[PDB]
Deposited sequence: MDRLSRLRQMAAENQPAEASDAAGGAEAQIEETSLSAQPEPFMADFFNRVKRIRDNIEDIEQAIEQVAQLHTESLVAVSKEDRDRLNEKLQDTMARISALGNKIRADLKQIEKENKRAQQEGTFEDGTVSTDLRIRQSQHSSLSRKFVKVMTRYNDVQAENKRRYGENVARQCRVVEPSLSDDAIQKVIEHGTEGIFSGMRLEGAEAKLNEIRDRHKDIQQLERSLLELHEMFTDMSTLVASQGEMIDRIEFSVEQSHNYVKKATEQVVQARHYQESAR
């Protein structure tokens, strides 16, 4: 509407890339994160599907997808982590240069910092969904599969919890399946660890718009 009226009232009178590699990494990170998001919700089914399901007929068929998607989610994870770290070092080794006193920064470094912060959060939150479905399944991958597989010993409450916990036909493979979820939880833990301390001396306030636009520059 008001655009037409302007172009009518105005006719009655008559580049360089810019941080190309960087916007690449964050596209990559966004894309990987979305990939992981879809992958996670598929590992979800593949797990609850390995409940019963005609024994080893399909068990091997599923455990083939699981440790395949699992390895991808991991490979995608490590790239995201390396792209993030790379940007951190990139930013850190640019502070002193990208500040011209006045307290102000530089649109380059400002953008880098808001991208770096936002995505690290997006990342920890996605992986937390993963961490949750792994432990969620590992708890019942021992309850309604390993323990309830006491159709061999009449052992009641304690002799099935005091025994199954330590060792852990088809009850032999579920062990290999539990310790998978365990080095999964471990990778994640390791990751969450240096991801948490990685927000230290960063942000606390960066997610606030007002804060970013206060440290803007000027003077051409």
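Numbered from the first deposited residue, the unresolved ranges run 1, 16 to 38, 193 to 209, 262 to 279.
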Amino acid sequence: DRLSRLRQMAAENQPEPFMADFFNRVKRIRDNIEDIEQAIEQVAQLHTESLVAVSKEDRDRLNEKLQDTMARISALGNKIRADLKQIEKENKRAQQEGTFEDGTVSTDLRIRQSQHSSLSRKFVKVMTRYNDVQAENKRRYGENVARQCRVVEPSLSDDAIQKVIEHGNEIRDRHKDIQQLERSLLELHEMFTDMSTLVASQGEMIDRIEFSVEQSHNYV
From here on, numbers count along this sequence of modelled residues.
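As the entry records it, the average C-alpha temperature factor is higher for 53 to 61, out of 53 to 61 and 183 to 191. Looking at mean Cα B-factors across 144 to 152 and 83 to 91, the upper value is held by 144 to 152. Residue set 68, 159, 31, 37: peak C-alpha B-factor at 159 (per PDB entry). Each of 178, 26, 43, 171 has a CA temperature factor in the record; the biggest one is found at 171.
Annotation for residue 10: CA B-factor lies in the highest third of the chain's modelled residues.
Per-chain ranking of the deposited C-alpha B factor places residue 210 in the lowest third. Among the modelled residues of the chain, residue 202 sits in the highest third by CA temperature factor in this PDB entry.
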